[PDB]
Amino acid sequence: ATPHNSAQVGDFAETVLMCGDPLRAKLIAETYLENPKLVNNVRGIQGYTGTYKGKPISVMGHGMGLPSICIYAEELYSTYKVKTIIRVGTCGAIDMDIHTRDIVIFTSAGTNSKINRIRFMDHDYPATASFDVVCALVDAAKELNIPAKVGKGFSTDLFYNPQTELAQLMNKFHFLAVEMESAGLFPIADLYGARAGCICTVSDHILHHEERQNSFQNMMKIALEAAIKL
């Protein structure tokens, strides 16, 4: 159907959970979904569709970086009529009060990428998570009573950032964590009148290096229950 997806309209659920690691997407499908069926493996992206508590749900990799997820998210909303995309995964803590293993729900994401400026006449576009998705994630977190921090994220184009001062600047403004996709995903959902959100588990702290399964499994519970709520 698309240059990066062999599936056809209908193969994907209206709600898709995405993570960077394709092998993680596979593990998520085998571990949390019932009757998971591989609907797309172009570039070994591991796109699966199954059910959770009887409801259709898909999980698929999205690569690393804004350019990668922008391709996948746009095709999903446009061609496969997906309605909600929830990014699930890991991130690097920024704020000094955020620690490894913490779970973070993004209200929005800043970025050092030029993509949003290109689509927004060189102005400041606020890459904002869909309010419904933020609410569903927070409520799921409250209902499951799992501690989660809600706040700004940052999507960097440079995992290895030459601008060593940025990290401290972001800590001063209290950015919670860094990843590489949210800032790109959110504006695309808006353009298609669809929804997007992001929830991550801190795998490390960038201002000082500091069980990882429990945190990851708790995050998956929140994302999954939230997907049902939506």
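Residue positions are given as counts along the sequence shown, with the first one as 1.
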Next item on the list: State which stretch shows the higher mean Cα B factor in the entry: 135-143 or 112-120.
Entry: 135-143
Next item on the list: Read off the CA B-factors in the entry, average them over 28-36 and over 196-204, and name the higher stretch.
Entry: 28-36
Check: Taking the C-alpha B-factors as the PDB entry records them, is residue 152 in the lowest, middle or highest third of its chain?
Finding: lowest
Check: Among the modelled residues of its chain, does the C-alpha B-factor of residue 91 lie in the lowest, middle or highest third?
Finding: middle
Margin query: Which third, lowest, middle or highest, does the C-alpha temperature factor of residue 100 belong to within its own chain?
Written below: highest
Next item on the list: Divide the modelled residues of the chain into thirds by Cα B-factor and specify which third, lowest, middle or highest, holds residue 66.
Entry: lowest
Check: Comparing residue 57 with the other modelled residues of its chain, is its CA B-factor in the lowest, middle or highest third?
Finding: highest
